Every structure is written in structure tokens, then in C-alpha cells.
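K.L.:
Got a structure here, written out as C-alpha cells. Questions coming.
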Amino acid sequence: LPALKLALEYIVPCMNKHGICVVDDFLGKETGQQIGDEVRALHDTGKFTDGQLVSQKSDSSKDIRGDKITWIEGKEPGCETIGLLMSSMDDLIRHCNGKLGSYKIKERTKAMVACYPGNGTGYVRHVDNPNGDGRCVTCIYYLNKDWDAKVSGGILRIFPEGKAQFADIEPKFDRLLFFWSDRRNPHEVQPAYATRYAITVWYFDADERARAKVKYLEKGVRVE
Ligand SMILES: O=C(O)CNC(=O)c1nc(Cl)c2ccccc2c1O
Ligand SMILES: [Mn+2]
């Protein structure tokens, strides 16, 4: 589907109504599987971190580690299809310009590729941007073939503010997710019992990001 039909007929109205929007079959099986292959090669050649320290045991051989990450620009060798994914995310956001809230999105982060190793670890409940750092939209792409949450867990559970219910999103192959990054969407990753990959990009609102630079004042200018 053109980034445009999807953006204008589904993503824009969904984000303004619900703030949480799922697109399945974003890139297709061939491109999705190539991204999966690039991510697995990154993992298998040791490009990820060792994982979030979960239990700091007295003996370190007993330390439990969780989600592993790596930051990907998209131009690295063997990340070209990841870069294609990122360009496709950018195309979608660009076709939403001036329709996502009142936000104006001119910049994003690099991609954070995450691997939950499948050892029962998840990710605690949190808000992506609780303190106004500029991030207004969180975009996650999943690449887990035939994921069965009843068996492997790993559901993303979101707790939409003001609503007495949560929204459970399975980390399905070739699924793209958008949600507001601020306190509207506290969320958690339930324990994952199989290897679980995701690629996240955050989009900045230009105003919020510009004034965030005041708080984090960071390179300066010489006086004398
Ligand atoms: O993977 C998912 O479905 C959702 N993941 C996250 O919400 C998530 N959020 C943050 Cl802020 C981090 C931050 C660092 C590493 C992994 C993260 C993560 O998986
Ligand atoms: Mn998060």
C-alpha cells in the first residue's frame, strides 16, 4: 500500500481518535524477511549489547540480562533493508505532515533495534517521553514470524490514559505500530519466552524539541 493511502485514510484518523494504530503487512513478506535476516545477522555477529541488567546477583555469573539493543543509522553495511524500512517510515510520517495532532515533525532518531532474548525478561511499565524531550510519536516495526503469544509471551501492553482498559499488541511479523510517545501511552513488554525483535524510531515535534534544547544545554560558543 502507498504510504499515502494508508497515512491519509487510516493512520491520521486513528492517531487523532485513539493514539495507538496498527498496520499489518507493512512491507510484504520478501522485504520483511530480508529485514529479519539483517537483524539476525547483526545479532549473530555480536553487534547487539549484552542486554539490560535485570538481576544484579551477588555472583556475576548469575546476573540475568534482558533486552539487547543496537543503534542503526540505516547506511551501515548489511543494514540496507533496515534503511529502506526507515525511509518508508519517513515517507509515511511525511505524508501525515500537519495532520498528526498539531505536531510538526521534521526530525527523528536513528533506529533502535531491540532483541528480547527469550529468557523470560520483558520491559517494565514506562512512558517513552515523560519529561518533554521532543519525541511525539513512537514507531515500532516487528519482524517475528508466526509469533504465538499464548506460547512465547512478549505482548506489548499499553495502558491508554483515562481509559479503564488496556490495548494488547502482539509483536507480529511485518507489523508497524504508531503511538503517542508522551504520558498518554504508558506501556510494558510482557515477558518474552522466545527471541523477539523490534525496530523503533521516534519522531520529534519541532517545537517541543527546539525548547527541550534549553533544558539540556550541548555545545557552546566562545567568548573572551
Ligand atoms: O518492543 C516493544 O513492543 C515495546 N518496547 C518498548 O516500549 C521499549 N521502550 C523503550 Cl523506552 C526501550 C528502551 C530501551 C530498550 C528497549 C526499549 C523497548 O523495547
Ligand atoms: Mn517504550
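In the C-alpha cells, chains take letters A, B, ... by order of appearance, with residues numbered from 1 within each chain and ligands from 1 in the order shown.
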List the neighbours of residue 169 in chain A out to 7 Å using only C-alpha atoms; skip same-chain residues closer than 2 positions along the sequence, and give me the result as a PyMOL selection string.
P.N.:
chain A and resi 155-157+167+171
K.L.:
Produce as a ChimeraX atom specification the set of residues near ligand 2, where near means within 8 Å with only C-alpha atoms and all ligand atoms considered.
P.N.:
/A:126-128,138,181,186-188
K.L.:
Do you know which residues are at most 10 Å from range 4-16 of chain A counting only C-alpha atoms, after dropping those on the same chain fewer than 5 positions away, and could you put them as JSON, numbers by chain?
P.N.:
{"A": [21, 22, 23, 26, 91, 92, 93, 94, 95, 96, 97, 98, 99, 100, 101, 102, 137, 177, 178, 179, 180]}
K.L.:
Which residue, A:103, A:163, A:132, A:49, has the smallest gap to ligand 1 when you use only C-alpha atoms and all ligand atoms?
P.N.:
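Between A:103, A:163, A:132, A:49, the residue approaching ligand 1 most closely is A:49.
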K.L.:
Let me have all residues with an atom within 10 Å of ligand 1, counting only C-alpha atoms and all ligand atoms, laid out as a ChimeraX atom specification.
P.N.:
/A:51-52,66-70,112-116,122-129,138-142,154-158,168-172,177,181,185-190,196-200,202
K.L.:
Output N, CA and C atoms of each residue in that selection to a file, as a compact mmCIF listing (two decimals), in the first residue's frame.
P.N.:
# COMPACT_ATOMS: atom_id res chain seq x y z
N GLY A 51 22.61 -6.85 26.98
CA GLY A 51 21.26 -6.84 27.50
C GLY A 51 21.08 -6.09 28.80
N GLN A 52 19.89 -5.52 28.99
CA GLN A 52 19.63 -4.75 30.20
C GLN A 52 19.82 -5.59 31.45
N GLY A 66 18.43 -8.73 30.03
CA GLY A 66 17.19 -8.69 29.28
C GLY A 66 17.38 -8.17 27.88
N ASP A 67 16.59 -7.16 27.52
CA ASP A 67 16.59 -6.67 26.16
C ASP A 67 17.98 -6.19 25.75
N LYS A 68 18.39 -6.58 24.53
CA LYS A 68 19.64 -6.17 23.91
C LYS A 68 19.33 -5.15 22.82
N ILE A 69 20.20 -4.15 22.64
CA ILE A 69 19.93 -3.14 21.61
C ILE A 69 21.14 -2.81 20.77
N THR A 70 20.85 -2.21 19.62
CA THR A 70 21.87 -1.56 18.82
C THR A 70 21.22 -0.41 18.06
N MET A 112 16.43 2.19 16.87
CA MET A 112 16.85 1.33 17.96
C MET A 112 16.32 -0.07 17.68
N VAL A 113 17.21 -0.97 17.32
CA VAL A 113 16.86 -2.37 17.13
C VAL A 113 16.99 -3.06 18.47
N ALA A 114 15.94 -3.74 18.88
CA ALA A 114 15.89 -4.42 20.16
C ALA A 114 15.64 -5.91 19.96
N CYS A 115 16.32 -6.69 20.78
CA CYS A 115 16.20 -8.14 20.83
C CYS A 115 15.92 -8.53 22.26
N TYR A 116 14.71 -8.99 22.53
CA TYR A 116 14.43 -9.66 23.78
C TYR A 116 14.86 -11.11 23.63
N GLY A 122 11.08 -9.08 30.11
CA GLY A 122 10.27 -8.15 29.35
C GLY A 122 10.81 -6.75 29.56
N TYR A 123 9.88 -5.80 29.64
CA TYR A 123 10.25 -4.40 29.86
C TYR A 123 9.20 -3.77 30.75
N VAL A 124 9.66 -3.13 31.82
CA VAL A 124 8.76 -2.61 32.83
C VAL A 124 7.85 -1.55 32.24
N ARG A 125 6.74 -1.31 32.92
CA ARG A 125 5.83 -0.24 32.53
C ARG A 125 6.56 1.09 32.55
N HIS A 126 6.38 1.88 31.50
CA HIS A 126 7.07 3.16 31.42
C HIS A 126 6.35 4.03 30.40
N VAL A 127 6.75 5.30 30.38
CA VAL A 127 6.38 6.26 29.35
C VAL A 127 7.63 6.59 28.56
N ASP A 128 7.53 6.59 27.23
CA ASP A 128 8.71 6.81 26.41
C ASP A 128 9.30 8.19 26.66
N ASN A 129 8.46 9.22 26.60
CA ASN A 129 8.90 10.59 26.78
C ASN A 129 8.07 11.24 27.87
N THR A 138 6.06 7.41 18.62
CA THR A 138 6.85 6.20 18.66
C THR A 138 6.40 5.30 17.52
N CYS A 139 7.35 4.82 16.72
CA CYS A 139 7.09 3.92 15.60
C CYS A 139 7.91 2.65 15.78
N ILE A 140 7.23 1.50 15.86
CA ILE A 140 7.88 0.21 16.05
C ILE A 140 7.50 -0.72 14.91
N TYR A 141 8.49 -1.39 14.34
CA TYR A 141 8.29 -2.42 13.33
C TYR A 141 8.72 -3.76 13.90
N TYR A 142 7.86 -4.76 13.78
CA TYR A 142 8.10 -6.10 14.30
C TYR A 142 8.44 -7.09 13.19
N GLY A 154 5.51 -11.98 25.23
CA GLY A 154 6.07 -10.85 24.51
C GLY A 154 5.08 -9.82 24.01
N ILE A 155 3.85 -9.82 24.53
CA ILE A 155 2.86 -8.83 24.15
C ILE A 155 3.29 -7.46 24.64
N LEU A 156 3.11 -6.45 23.79
CA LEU A 156 3.19 -5.07 24.22
C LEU A 156 1.82 -4.70 24.78
N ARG A 157 1.77 -4.34 26.05
CA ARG A 157 0.53 -3.91 26.65
C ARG A 157 0.62 -2.42 26.88
N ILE A 158 -0.35 -1.69 26.35
CA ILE A 158 -0.44 -0.24 26.51
C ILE A 158 -1.62 0.05 27.41
N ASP A 168 -3.57 -4.65 23.89
CA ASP A 168 -2.54 -5.68 23.76
C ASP A 168 -2.18 -5.84 22.29
N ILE A 169 -0.90 -5.70 21.99
CA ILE A 169 -0.39 -5.75 20.62
C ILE A 169 0.65 -6.84 20.55
N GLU A 170 0.39 -7.86 19.73
CA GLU A 170 1.35 -8.93 19.53
C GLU A 170 2.44 -8.45 18.58
N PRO A 171 3.72 -8.86 18.81
CA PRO A 171 4.85 -8.40 18.01
C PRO A 171 4.97 -9.13 16.68
N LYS A 172 3.93 -9.01 15.85
CA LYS A 172 3.78 -9.85 14.66
C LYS A 172 4.71 -9.43 13.52
N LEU A 177 3.62 -0.20 14.09
CA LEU A 177 2.86 0.36 15.19
C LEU A 177 3.22 1.82 15.34
N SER A 181 4.05 9.24 22.12
CA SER A 181 5.19 8.90 22.99
C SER A 181 5.05 9.42 24.42
N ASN A 185 0.35 7.22 26.75
CA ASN A 185 0.55 5.79 26.48
C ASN A 185 1.66 5.18 27.34
N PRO A 186 1.45 5.06 28.65
CA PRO A 186 2.28 4.12 29.41
C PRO A 186 2.18 2.73 28.81
N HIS A 187 3.28 1.98 28.82
CA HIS A 187 3.28 0.67 28.18
C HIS A 187 4.38 -0.20 28.78
N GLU A 188 4.27 -1.50 28.49
CA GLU A 188 5.19 -2.50 29.01
C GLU A 188 5.28 -3.64 28.01
N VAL A 189 6.39 -4.35 28.04
CA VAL A 189 6.54 -5.57 27.27
C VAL A 189 6.45 -6.73 28.24
N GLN A 190 5.43 -7.56 28.06
CA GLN A 190 5.28 -8.70 28.94
C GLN A 190 6.39 -9.71 28.67
N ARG A 196 12.70 -12.19 20.37
CA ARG A 196 11.73 -11.20 19.91
C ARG A 196 12.46 -9.96 19.43
N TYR A 197 12.29 -9.62 18.15
CA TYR A 197 12.96 -8.49 17.53
C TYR A 197 11.95 -7.38 17.24
N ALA A 198 12.40 -6.14 17.39
CA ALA A 198 11.62 -4.97 17.04
C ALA A 198 12.57 -3.87 16.62
N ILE A 199 12.10 -2.97 15.75
CA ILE A 199 12.87 -1.79 15.34
C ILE A 199 12.05 -0.55 15.64
N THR A 200 12.60 0.36 16.45
CA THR A 200 11.91 1.57 16.90
C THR A 200 12.60 2.81 16.36
N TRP A 202 11.76 7.11 16.79
CA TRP A 202 10.95 8.14 17.43
C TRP A 202 11.02 9.40 16.59
K.L.:
Counting only C-alpha atoms, which residue out of A:109, A:134, A:160, A:117 sits closest to residue 65 in chain A?
P.N.:
A:117
K.L.:
For residue 192 in chain A, list every protein, DNA or RNA residue within 6 Å, evaluated using only C-alpha atoms, and leave out those in the same chain fewer than 4 positions away; present the list as number ranges by chain.
P.N.:
A: 118, 120-122, 152-154
K.L.:
Fewer than 3 positions away in the same chain doesn't count, so skip those; otherwise give me all residues within 7 Å of residue 105 in chain A, counting only C-alpha atoms, as a ChimeraX atom specification.
P.N.:
/A:97,203-206
K.L.:
Filtering to C-alpha atoms, could you give me those residues as a PDB file, in the first residue's frame?
P.N.:
ATOM      1  CA  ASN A  97       2.504  16.363   7.868  1.00  0.00           C
ATOM      2  CA  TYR A 203       9.748  11.249  15.641  1.00  0.00           C
ATOM      3  CA  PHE A 204      10.327  14.688  17.155  1.00  0.00           C
ATOM      4  CA  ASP A 205       7.872  17.538  17.277  1.00  0.00           C
ATOM      5  CA  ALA A 206       9.861  20.537  16.096  1.00  0.00           C
TER       6      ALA A 206
END
K.L.:
One number please: CA of residue 30 in chain A to CA of residue 194 in chain A, in Å, one decimal.
P.N.:
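About the pair CA of residue 30 in chain A and CA of residue 194 in chain A: they are 22.5 Å apart.
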K.L.:
Measuring atom to atom with only C-alpha atoms, identify which of A:104, A:183, A:47, A:88 is nearest to residue 159 in chain A.
P.N.:
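The closest residue to residue 159 in chain A is A:183.
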K.L.:
Could you jot down the CA of residue 82 in chain A to CA of residue 195 in chain A separation for me, Å, one decimal place?
P.N.:
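Calculated distance between CA of residue 82 in chain A and CA of residue 195 in chain A is 18.5 Å.
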K.L.:
Can you tell me, as a JSON list (two decimals) with N, CA and C atoms, in the first residue's frame, which residues in range 37-153 of chain A count as helix (DSSP H, G or I) by DSSP?
P.N.:
[["chain", "number", "residue", "atom", "x", "y", "z"],
["A", 37, "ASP", "N", 16.49, -11.01, 8.27],
["A", 37, "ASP", "CA", 17.81, -11.58, 8.05],
["A", 37, "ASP", "C", 18.90, -10.61, 8.45],
["A", 38, "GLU", "N", 18.73, -9.32, 8.14],
["A", 38, "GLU", "CA", 19.75, -8.35, 8.53],
["A", 38, "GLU", "C", 19.83, -8.22, 10.05],
["A", 39, "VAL", "N", 18.68, -8.21, 10.71],
["A", 39, "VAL", "CA", 18.67, -8.09, 12.17],
["A", 39, "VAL", "C", 19.29, -9.32, 12.81],
["A", 40, "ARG", "N", 18.96, -10.51, 12.29],
["A", 40, "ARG", "CA", 19.56, -11.71, 12.85],
["A", 40, "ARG", "C", 21.06, -11.72, 12.61],
["A", 41, "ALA", "N", 21.52, -11.22, 11.46],
["A", 41, "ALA", "CA", 22.96, -11.20, 11.24],
["A", 41, "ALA", "C", 23.64, -10.25, 12.21],
["A", 42, "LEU", "N", 23.04, -9.08, 12.46],
["A", 42, "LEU", "CA", 23.56, -8.19, 13.49],
["A", 42, "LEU", "C", 23.67, -8.92, 14.82],
["A", 43, "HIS", "N", 22.62, -9.64, 15.21],
["A", 43, "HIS", "CA", 22.63, -10.37, 16.47],
["A", 43, "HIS", "C", 23.73, -11.44, 16.49],
["A", 44, "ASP", "N", 23.75, -12.28, 15.45],
["A", 44, "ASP", "CA", 24.62, -13.45, 15.40],
["A", 44, "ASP", "C", 26.08, -13.08, 15.25],
["A", 60, "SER", "N", 28.37, -12.76, 39.73],
["A", 60, "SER", "CA", 28.05, -12.14, 38.45],
["A", 60, "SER", "C", 27.72, -13.18, 37.38],
["A", 61, "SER", "N", 28.31, -14.38, 37.44],
["A", 61, "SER", "CA", 27.89, -15.45, 36.55],
["A", 61, "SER", "C", 26.38, -15.68, 36.61],
["A", 62, "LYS", "N", 25.73, -15.25, 37.70],
["A", 62, "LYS", "CA", 24.29, -15.42, 37.88],
["A", 62, "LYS", "C", 23.48, -14.20, 37.45],
["A", 80, "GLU", "N", 21.01, -2.32, 4.80],
["A", 80, "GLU", "CA", 20.37, -1.50, 3.77],
["A", 80, "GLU", "C", 18.86, -1.67, 3.79],
["A", 81, "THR", "N", 18.37, -2.88, 4.07],
["A", 81, "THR", "CA", 16.93, -3.06, 4.09],
["A", 81, "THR", "C", 16.34, -2.44, 5.35],
["A", 82, "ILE", "N", 17.08, -2.45, 6.46],
["A", 82, "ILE", "CA", 16.66, -1.67, 7.62],
["A", 82, "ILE", "C", 16.54, -0.20, 7.23],
["A", 83, "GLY", "N", 17.51, 0.31, 6.46],
["A", 83, "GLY", "CA", 17.42, 1.68, 5.99],
["A", 83, "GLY", "C", 16.24, 1.92, 5.07],
["A", 84, "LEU", "N", 15.91, 0.93, 4.24],
["A", 84, "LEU", "CA", 14.70, 1.00, 3.44],
["A", 84, "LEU", "C", 13.47, 1.12, 4.34],
["A", 85, "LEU", "N", 13.40, 0.29, 5.39],
["A", 85, "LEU", "CA", 12.31, 0.41, 6.36],
["A", 85, "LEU", "C", 12.23, 1.82, 6.92],
["A", 86, "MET", "N", 13.37, 2.37, 7.32],
["A", 86, "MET", "CA", 13.37, 3.70, 7.91],
["A", 86, "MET", "C", 12.88, 4.74, 6.91],
["A", 87, "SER", "N", 13.31, 4.63, 5.65],
["A", 87, "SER", "CA", 12.84, 5.55, 4.62],
["A", 87, "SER", "C", 11.34, 5.44, 4.42],
["A", 88, "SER", "N", 10.80, 4.22, 4.55],
["A", 88, "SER", "CA", 9.36, 4.01, 4.40],
["A", 88, "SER", "C", 8.59, 4.61, 5.57],
["A", 89, "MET", "N", 9.13, 4.46, 6.79],
["A", 89, "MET", "CA", 8.55, 5.14, 7.94],
["A", 89, "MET", "C", 8.53, 6.65, 7.70],
["A", 90, "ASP", "N", 9.66, 7.21, 7.26],
["A", 90, "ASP", "CA", 9.74, 8.64, 7.00],
["A", 90, "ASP", "C", 8.74, 9.08, 5.94],
["A", 91, "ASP", "N", 8.57, 8.28, 4.88],
["A", 91, "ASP", "CA", 7.59, 8.63, 3.85],
["A", 91, "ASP", "C", 6.19, 8.71, 4.43],
["A", 92, "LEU", "N", 5.84, 7.76, 5.29],
["A", 92, "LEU", "CA", 4.51, 7.77, 5.91],
["A", 92, "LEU", "C", 4.32, 9.03, 6.76],
["A", 93, "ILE", "N", 5.26, 9.30, 7.66],
["A", 93, "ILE", "CA", 5.17, 10.48, 8.51],
["A", 93, "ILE", "C", 5.08, 11.73, 7.65],
["A", 94, "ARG", "N", 5.89, 11.80, 6.60],
["A", 94, "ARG", "CA", 5.89, 12.97, 5.72],
["A", 94, "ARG", "C", 4.53, 13.18, 5.07],
["A", 95, "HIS", "N", 3.84, 12.09, 4.72],
["A", 95, "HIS", "CA", 2.51, 12.23, 4.17],
["A", 95, "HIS", "C", 1.47, 12.57, 5.22],
["A", 149, "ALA", "N", 1.73, -15.62, 20.95],
["A", 149, "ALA", "CA", 1.89, -15.04, 22.28],
["A", 149, "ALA", "C", 1.39, -15.97, 23.37],
["A", 150, "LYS", "N", 0.42, -16.83, 23.07],
["A", 150, "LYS", "CA", -0.04, -17.78, 24.07],
["A", 150, "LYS", "C", 1.07, -18.72, 24.49],
["A", 151, "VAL", "N", 2.11, -18.81, 23.68],
["A", 151, "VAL", "CA", 3.24, -19.68, 23.92],
["A", 151, "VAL", "C", 4.49, -18.88, 24.26],
["A", 152, "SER", "N", 4.77, -17.83, 23.50],
["A", 152, "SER", "CA", 6.02, -17.10, 23.63],
["A", 152, "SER", "C", 5.89, -15.79, 24.40]]
K.L.:
Can you check which residues of range 9-65 of chain A DSSP gives as strand (DSSP E or B) on the backbone and send them as a ChimeraX atom specification?
P.N.:
/A:20-23,53-55,64-65
K.L.:
Write out, as a PDB file, in the first residue's frame, the residues just selected, with C-alpha atoms.
P.N.:
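Output below, filename out-v8.pdb:
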ATOM      1  CA  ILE A  20      -2.482   3.844  19.012  1.00  0.00           C
ATOM      2  CA  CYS A  21      -2.517   2.499  15.450  1.00  0.00           C
ATOM      3  CA  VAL A  22      -1.503  -0.842  13.930  1.00  0.00           C
ATOM      4  CA  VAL A  23      -0.692  -1.520  10.260  1.00  0.00           C
ATOM      5  CA  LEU A  53      20.849  -5.819  33.620  1.00  0.00           C
ATOM      6  CA  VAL A  54      17.709  -7.182  35.329  1.00  0.00           C
ATOM      7  CA  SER A  55      19.052  -9.002  38.431  1.00  0.00           C
ATOM      8  CA  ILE A  64      20.180 -12.014  34.423  1.00  0.00           C
ATOM      9  CA  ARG A  65      20.176  -9.719  31.397  1.00  0.00           C
TER      10      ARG A  65
END
K.L.:
Can you work out the spacing between CA of residue 136 in chain A and CA of residue 210 in chain A in Å, to one decimal?
P.N.:
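Interatomic distance, CA of residue 136 in chain A to CA of residue 210 in chain A: 12.8 Å.
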K.L.:
With distances taken over only C-alpha atoms, which residue among A:107, A:63, A:174, A:148 lies nearest residue 209 in chain A?
P.N.:
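Looking at the shortest contact to residue 209 in chain A, the residue is A:107.
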K.L.:
Which of these, A:108, A:219, A:145, A:211, has the shortest distance to residue 29 in chain A once you count only C-alpha atoms?
P.N.:
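Among the listed residues, A:145 lies closest to residue 29 in chain A.
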K.L.:
For a quick check of understanding, using only C-alpha atoms, which of A:32, A:2, A:162, A:77 has the smallest distance to residue 175 in chain A?
P.N.:
A:32
